[PDB]
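Pasted below: entry-v6.cif, mmCIF, C-alpha atoms and all ligand atoms.
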data_work
#
loop_
_atom_site.group_PDB
_atom_site.id
_atom_site.type_symbol
_atom_site.label_atom_id
_atom_site.label_comp_id
_atom_site.auth_asym_id
_atom_site.auth_seq_id
_atom_site.Cartn_x
_atom_site.Cartn_y
_atom_site.Cartn_z
ATOM 1 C CA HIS A 8 123.948 107.957 105.310
ATOM 2 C CA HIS A 9 126.371 105.325 106.819
ATOM 3 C CA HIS A 10 124.435 105.169 110.192
ATOM 4 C CA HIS A 11 123.148 101.489 110.086
ATOM 5 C CA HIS A 12 126.186 100.382 112.287
ATOM 6 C CA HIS A 13 124.655 102.224 115.381
ATOM 7 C CA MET A 14 121.662 99.815 114.949
ATOM 8 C CA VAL A 15 119.653 99.218 118.205
ATOM 9 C CA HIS A 16 116.962 96.517 118.810
ATOM 10 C CA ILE A 17 113.834 98.499 119.726
ATOM 11 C CA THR A 18 110.795 96.872 121.389
ATOM 12 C CA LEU A 19 107.464 98.476 122.316
ATOM 13 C CA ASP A 20 106.437 99.117 125.958
ATOM 14 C CA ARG A 21 102.810 97.766 126.392
ATOM 15 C CA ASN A 22 102.407 99.799 129.633
ATOM 16 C CA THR A 23 102.711 103.134 127.730
ATOM 17 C CA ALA A 24 100.297 102.164 124.917
ATOM 18 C CA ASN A 25 96.909 103.773 124.354
ATOM 19 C CA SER A 26 94.337 101.202 125.504
ATOM 20 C CA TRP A 27 93.056 100.604 121.894
ATOM 21 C CA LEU A 28 96.480 99.437 120.626
ATOM 22 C CA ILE A 29 97.441 95.791 119.952
ATOM 23 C CA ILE A 30 101.159 94.977 120.294
ATOM 24 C CA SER A 31 102.457 91.717 118.820
ATOM 25 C CA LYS A 32 103.991 88.923 120.978
ATOM 26 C CA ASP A 33 107.538 89.885 119.850
ATOM 27 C CA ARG A 34 106.795 93.593 120.844
ATOM 28 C CA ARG A 35 107.947 94.675 117.305
ATOM 29 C CA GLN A 36 104.516 95.483 115.711
ATOM 30 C CA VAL A 37 101.594 97.695 116.786
ATOM 31 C CA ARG A 38 98.190 98.456 115.215
ATOM 32 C CA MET A 39 94.932 100.241 116.146
ATOM 33 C CA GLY A 40 92.230 97.847 117.425
ATOM 34 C CA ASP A 41 88.538 98.358 116.559
ATOM 35 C CA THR A 42 87.764 98.700 120.358
ATOM 36 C CA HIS A 43 89.271 99.054 123.916
ATOM 37 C CA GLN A 44 91.773 96.148 124.386
ATOM 38 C CA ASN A 45 90.633 95.108 127.898
ATOM 39 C CA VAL A 46 93.644 96.501 129.876
ATOM 40 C CA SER A 47 93.672 98.536 133.125
ATOM 41 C CA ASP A 48 94.372 102.323 132.930
ATOM 42 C CA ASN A 49 97.712 103.586 134.328
ATOM 43 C CA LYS A 50 99.506 106.952 134.506
ATOM 44 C CA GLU A 51 101.936 105.963 131.622
ATOM 45 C CA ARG A 52 99.244 105.380 128.922
ATOM 46 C CA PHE A 53 98.714 108.010 126.202
ATOM 47 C CA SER A 54 94.961 108.718 126.686
ATOM 48 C CA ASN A 55 93.921 110.901 123.678
ATOM 49 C CA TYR A 56 95.892 109.465 120.722
ATOM 50 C CA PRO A 57 97.021 106.035 119.408
ATOM 51 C CA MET A 58 100.582 106.439 120.754
ATOM 52 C CA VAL A 59 103.136 104.091 122.371
ATOM 53 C CA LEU A 60 106.812 104.346 123.440
ATOM 54 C CA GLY A 61 109.736 102.001 122.958
ATOM 55 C CA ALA A 62 110.985 100.232 126.101
ATOM 56 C CA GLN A 63 114.565 101.512 125.537
ATOM 57 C CA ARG A 64 115.778 104.746 127.263
ATOM 58 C CA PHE A 65 118.798 106.643 125.769
ATOM 59 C CA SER A 66 120.857 109.381 127.572
ATOM 60 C CA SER A 67 124.105 109.161 125.470
ATOM 61 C CA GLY A 68 125.582 107.833 122.198
ATOM 62 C CA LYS A 69 124.286 107.290 118.691
ATOM 63 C CA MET A 70 121.178 105.107 118.028
ATOM 64 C CA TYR A 71 119.498 104.016 114.763
ATOM 65 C CA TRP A 72 116.318 102.038 114.010
ATOM 66 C CA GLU A 73 113.901 101.509 111.024
ATOM 67 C CA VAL A 74 110.096 101.437 110.892
ATOM 68 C CA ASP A 75 107.791 99.972 108.181
ATOM 69 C CA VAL A 76 104.883 102.337 107.308
ATOM 70 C CA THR A 77 103.595 100.345 104.240
ATOM 71 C CA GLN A 78 99.939 101.145 103.218
ATOM 72 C CA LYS A 79 99.347 103.608 106.100
ATOM 73 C CA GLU A 80 97.478 106.907 105.513
ATOM 74 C CA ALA A 81 98.561 108.553 108.778
ATOM 75 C CA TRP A 82 101.305 108.111 111.441
ATOM 76 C CA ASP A 83 103.868 109.988 113.571
ATOM 77 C CA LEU A 84 107.436 108.699 114.213
ATOM 78 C CA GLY A 85 110.479 109.885 116.104
ATOM 79 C CA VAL A 86 111.761 110.260 119.692
ATOM 80 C CA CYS A 87 110.465 112.027 122.793
ATOM 81 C CA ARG A 88 111.497 112.870 126.372
ATOM 82 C CA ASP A 89 110.663 110.198 128.967
ATOM 83 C CA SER A 90 108.810 113.046 130.839
ATOM 84 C CA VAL A 91 106.323 113.968 128.029
ATOM 85 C CA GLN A 92 102.698 114.573 128.989
ATOM 86 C CA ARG A 93 100.535 111.404 128.592
ATOM 87 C CA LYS A 94 96.984 112.695 129.355
ATOM 88 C CA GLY A 95 94.779 115.127 127.467
ATOM 89 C CA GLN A 96 95.467 117.223 124.348
ATOM 90 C CA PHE A 97 98.935 118.424 123.288
ATOM 91 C CA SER A 98 100.869 119.291 120.104
ATOM 92 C CA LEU A 99 103.983 117.395 118.922
ATOM 93 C CA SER A 100 106.768 120.006 119.154
ATOM 94 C CA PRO A 101 110.321 120.219 120.540
ATOM 95 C CA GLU A 102 108.965 122.618 123.242
ATOM 96 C CA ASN A 103 106.677 119.744 124.447
ATOM 97 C CA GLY A 104 109.577 117.203 124.263
ATOM 98 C CA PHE A 105 108.934 115.570 120.810
ATOM 99 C CA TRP A 106 111.222 115.292 117.703
ATOM 100 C CA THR A 107 108.922 113.752 115.076
ATOM 101 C CA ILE A 108 107.762 113.666 111.452
ATOM 102 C CA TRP A 109 104.316 112.612 110.268
ATOM 103 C CA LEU A 110 101.992 111.830 107.353
ATOM 104 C CA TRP A 111 98.352 112.959 107.157
ATOM 105 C CA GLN A 112 96.145 113.758 104.138
ATOM 106 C CA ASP A 113 98.881 112.968 101.571
ATOM 107 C CA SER A 114 101.406 115.469 103.034
ATOM 108 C CA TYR A 115 104.594 114.786 105.036
ATOM 109 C CA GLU A 116 105.509 117.367 107.735
ATOM 110 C CA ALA A 117 108.115 117.782 110.491
ATOM 111 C CA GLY A 118 106.745 118.402 114.014
ATOM 112 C CA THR A 119 108.169 121.887 114.540
ATOM 113 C CA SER A 120 105.892 124.676 115.911
ATOM 114 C CA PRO A 121 104.469 125.572 113.543
ATOM 115 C CA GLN A 122 104.916 122.447 111.384
ATOM 116 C CA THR A 123 107.355 122.337 108.429
ATOM 117 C CA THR A 124 106.480 121.013 104.924
ATOM 118 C CA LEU A 125 108.711 118.056 103.842
ATOM 119 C CA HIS A 126 109.714 117.450 100.184
ATOM 120 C CA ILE A 127 109.806 113.690 99.494
ATOM 121 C CA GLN A 128 109.887 112.525 95.809
ATOM 122 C CA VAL A 129 109.481 108.737 96.617
ATOM 123 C CA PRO A 130 106.716 108.074 99.248
ATOM 124 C CA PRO A 131 108.524 105.967 101.881
ATOM 125 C CA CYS A 132 107.583 102.388 102.862
ATOM 126 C CA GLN A 133 110.376 102.312 105.543
ATOM 127 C CA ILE A 134 111.825 105.211 107.612
ATOM 128 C CA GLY A 135 115.221 105.266 109.382
ATOM 129 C CA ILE A 136 115.490 107.305 112.617
ATOM 130 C CA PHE A 137 118.972 108.375 113.791
ATOM 131 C CA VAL A 138 119.670 110.046 117.180
ATOM 132 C CA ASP A 139 123.062 111.563 118.165
ATOM 133 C CA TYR A 140 122.555 112.423 121.848
ATOM 134 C CA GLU A 141 125.886 114.318 122.304
ATOM 135 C CA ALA A 142 125.451 116.307 119.014
ATOM 136 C CA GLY A 143 121.774 117.168 119.749
ATOM 137 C CA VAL A 144 120.603 115.681 116.375
ATOM 138 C CA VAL A 145 117.528 113.682 115.258
ATOM 139 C CA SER A 146 117.515 112.732 111.535
ATOM 140 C CA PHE A 147 115.025 110.841 109.346
ATOM 141 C CA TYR A 148 116.000 108.791 106.244
ATOM 142 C CA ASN A 149 113.902 107.401 103.345
ATOM 143 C CA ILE A 150 114.996 103.698 103.175
ATOM 144 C CA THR A 151 112.769 103.175 100.030
ATOM 145 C CA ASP A 152 114.867 105.902 98.239
ATOM 146 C CA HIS A 153 118.471 104.654 98.928
ATOM 147 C CA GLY A 154 118.508 106.231 102.432
ATOM 148 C CA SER A 155 117.926 109.841 101.216
ATOM 149 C CA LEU A 156 117.595 112.488 103.989
ATOM 150 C CA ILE A 157 114.060 113.551 104.901
ATOM 151 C CA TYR A 158 114.655 115.939 107.805
ATOM 152 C CA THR A 159 117.232 116.901 110.504
ATOM 153 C CA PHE A 160 116.407 118.511 113.870
ATOM 154 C CA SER A 161 119.612 120.111 115.204
ATOM 155 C CA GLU A 162 120.525 121.980 118.444
ATOM 156 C CA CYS A 163 117.942 119.671 120.169
ATOM 157 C CA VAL A 164 117.253 120.285 123.902
ATOM 158 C CA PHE A 165 116.611 116.696 124.917
ATOM 159 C CA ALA A 166 116.621 117.737 128.612
ATOM 160 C CA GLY A 167 116.519 114.088 129.822
ATOM 161 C CA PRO A 168 116.400 110.496 128.708
ATOM 162 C CA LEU A 169 114.822 109.795 125.286
ATOM 163 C CA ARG A 170 112.372 107.066 124.216
ATOM 164 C CA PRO A 171 111.453 105.891 120.678
ATOM 165 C CA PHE A 172 107.986 107.370 119.898
ATOM 166 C CA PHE A 173 105.182 105.950 117.643
ATOM 167 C CA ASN A 174 101.637 106.989 116.616
ATOM 168 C CA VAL A 175 99.722 104.454 114.437
ATOM 169 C CA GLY A 176 97.083 107.156 113.729
ATOM 170 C CA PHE A 177 93.287 106.935 113.854
ATOM 171 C CA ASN A 178 91.346 104.777 111.411
ATOM 172 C CA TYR A 179 88.190 106.844 110.736
ATOM 173 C CA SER A 180 88.540 106.143 106.957
ATOM 174 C CA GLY A 181 88.926 102.347 107.134
ATOM 175 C CA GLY A 182 92.163 102.834 105.125
ATOM 176 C CA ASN A 183 94.664 103.140 108.025
ATOM 177 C CA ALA A 184 94.368 99.766 109.860
ATOM 178 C CA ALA A 185 97.880 98.565 108.865
ATOM 179 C CA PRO A 186 100.510 98.205 111.645
ATOM 180 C CA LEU A 187 103.787 100.054 112.265
ATOM 181 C CA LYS A 188 106.556 97.382 112.297
ATOM 182 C CA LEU A 189 110.108 97.626 113.631
ATOM 183 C CA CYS A 190 112.351 96.250 110.810
ATOM 184 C CA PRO A 191 115.125 93.723 111.274
ATOM 185 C CA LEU A 192 118.771 94.887 111.344
HETATM 186 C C1 LIG B 201 93.077 117.363 109.480
HETATM 187 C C2 LIG B 201 94.190 118.359 109.544
HETATM 188 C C3 LIG B 201 95.204 118.374 108.629
HETATM 189 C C4 LIG B 201 96.199 119.357 108.760
HETATM 190 N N1 LIG B 201 97.281 119.444 107.926
HETATM 191 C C5 LIG B 201 98.470 120.218 108.285
HETATM 192 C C6 LIG B 201 98.878 121.137 107.158
HETATM 193 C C7 LIG B 201 99.151 120.349 105.893
HETATM 194 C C8 LIG B 201 97.929 119.533 105.536
HETATM 195 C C9 LIG B 201 97.454 118.668 106.693
HETATM 196 N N2 LIG B 201 96.163 120.223 109.791
HETATM 197 C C10 LIG B 201 95.143 120.134 110.651
HETATM 198 C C11 LIG B 201 95.095 121.104 111.798
HETATM 199 O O1 LIG B 201 93.964 120.849 112.617
HETATM 200 N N3 LIG B 201 94.158 119.238 110.555
#

Will you turn the file into structure tokens for me?
Amino acid sequence: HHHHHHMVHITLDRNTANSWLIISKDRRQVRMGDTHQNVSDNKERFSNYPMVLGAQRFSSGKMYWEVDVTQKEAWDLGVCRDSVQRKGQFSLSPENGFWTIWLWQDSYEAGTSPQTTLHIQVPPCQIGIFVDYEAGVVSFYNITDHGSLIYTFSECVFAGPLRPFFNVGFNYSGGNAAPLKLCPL
């Protein structure tokens, strides 16, 4: 891919974060805390899962960013509608306004309904996420493996403004405490 030149500076939106998340001062890193992080509840916060949005909203153009997933056991990454449900239980699917991939239990899957098995030869330490709003495309790249394609969602029905989407995952095992980090351009 030659997509790096649509590079955007993503920051995390503290107001949207699950109340157990800890976002760094520079708003570029997020991890699961071992407890509630002493913030007020609000209608934006994801209640059921360790999720947070980027502050940026996109309704046109091409956008690219990279995320560090080093030493994590579980995570979700991609984009979502600004209007996605925040409270209660829901599945990550394009019908619910999410275009995502994830890791759990040593398998990588795309968030279709039902989910799609991914074939990755080199487990990624950094993921590139490319959005072409006009084309209706969300693509994922393996930065650890020379930028090799992971998955492409096409004919996407964005149906509104998009936000970068993150899930640091639970840490039941004690092996998933590491942060997600937005990587420098
Ligand atoms: C804990 C878990 C894992 C899982 N997978 C998806 C298929 C590939 C393997 C991982 N699915 C579920 C569904 O409740 N739970």

Just want the residues within 6 Å of ligand LIG 201 (chain B), written as number ranges by chain, counting only C-alpha atoms and all ligand atoms.
A: 111-112, 114

Find the residues around residue A:10 up to 12 Å (all atoms listed in the file counted), leave out those fewer than 4 positions away in its own chain, and share them as a ChimeraX atom specification.
/A:14-15,69-73,135-139,146-148,150,154,156,192

Mind writing the picked residues with C-alpha atoms as a PDB file, keeping the file's coordinate frame?
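And here is the file that came out, out.pdb:
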ATOM      1  CA  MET A  14     121.662  99.815 114.949  1.00  0.00           C
ATOM      2  CA  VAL A  15     119.653  99.218 118.205  1.00  0.00           C
ATOM      3  CA  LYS A  69     124.286 107.290 118.691  1.00  0.00           C
ATOM      4  CA  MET A  70     121.178 105.107 118.028  1.00  0.00           C
ATOM      5  CA  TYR A  71     119.498 104.016 114.763  1.00  0.00           C
ATOM      6  CA  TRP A  72     116.318 102.038 114.010  1.00  0.00           C
ATOM      7  CA  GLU A  73     113.901 101.509 111.024  1.00  0.00           C
ATOM      8  CA  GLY A 135     115.221 105.266 109.382  1.00  0.00           C
ATOM      9  CA  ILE A 136     115.490 107.305 112.617  1.00  0.00           C
ATOM     10  CA  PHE A 137     118.972 108.375 113.791  1.00  0.00           C
ATOM     11  CA  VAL A 138     119.670 110.046 117.180  1.00  0.00           C
ATOM     12  CA  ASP A 139     123.062 111.563 118.165  1.00  0.00           C
ATOM     13  CA  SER A 146     117.515 112.732 111.535  1.00  0.00           C
ATOM     14  CA  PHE A 147     115.025 110.841 109.346  1.00  0.00           C
ATOM     15  CA  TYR A 148     116.000 108.791 106.244  1.00  0.00           C
ATOM     16  CA  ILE A 150     114.996 103.698 103.175  1.00  0.00           C
ATOM     17  CA  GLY A 154     118.508 106.231 102.432  1.00  0.00           C
ATOM     18  CA  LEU A 156     117.595 112.488 103.989  1.00  0.00           C
ATOM     19  CA  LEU A 192     118.771  94.887 111.344  1.00  0.00           C
TER      20      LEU A 192
END

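When atom CA of residue A:177 is paired with atom CA of residue A:144, their separation reads 28.8 Å.
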
Would you pick out the contacts of residue A:21 at 9 Å or less, using all atoms listed in the file, so that residues sharing its chain but fewer than 3 positions from it are not included, and give the list as a list in words?
residues 24, 25, 28, 29, 30, 34, 52, 59, 60, 61 and 62 of chain A

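When the PyMOL selection byres (((chain A and resi 109) around 8) and not hetatm) is evaluated against the file, it yields residues 81, 82, 83, 84, 107, 108, 110, 111, 115, 116, 117 and 118 of chain A.
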
Neighbouring residues of stretch 63-65 of chain A were defined as those with any atom within 7 Å, considering all atoms listed in the file; residues of the same chain fewer than 4 positions away were excluded. Please report them as a VMD selection string.
chain A and resid 17 168 to 170

Which of these residues is nearest to residue A:37, using all atoms listed in the file: A:100, A:20, A:167, A:89?
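For residue A:37, the nearest of the candidates is A:20.
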
As JSON, what would the box around stretch 153-165 of chain A look like: edges along x, y and z, 8 Å added on every side, centre and edge lengths in Å to one decimal?
{"center_x": 117.3, "center_y": 113.3, "center_z": 111.9, "size_x": 22.5, "size_y": 33.3, "size_z": 42.0}

Within 9 Å of residue A:141, counting all atoms listed in the file, which residues qualify if same-chain residues fewer than 4 places away don't, as a list in words?
residues 66, 67, 68 and 69 of chain A

Best match for closeness to residue A:185 among A:46, A:87, A:76, A:58, counting all atoms listed in the file
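Smallest distance to residue A:185 is found for A:76.
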
Env of residue A:96: 10 Å cut, atoms = only C-alpha atoms, seq-sep filter 6 positions within chain, self excluded. Answer as a list in words.
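That gives residues 53, 54, 55 and 56 of chain A.
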
Among the residues A:103, A:174, A:90, A:98, the one that comes closest to residue A:36 [using all atoms listed in the file]:
A:174

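If you look at atom CA of residue A:121 and atom CA of residue A:133, they are 25.3 Å away from each other.
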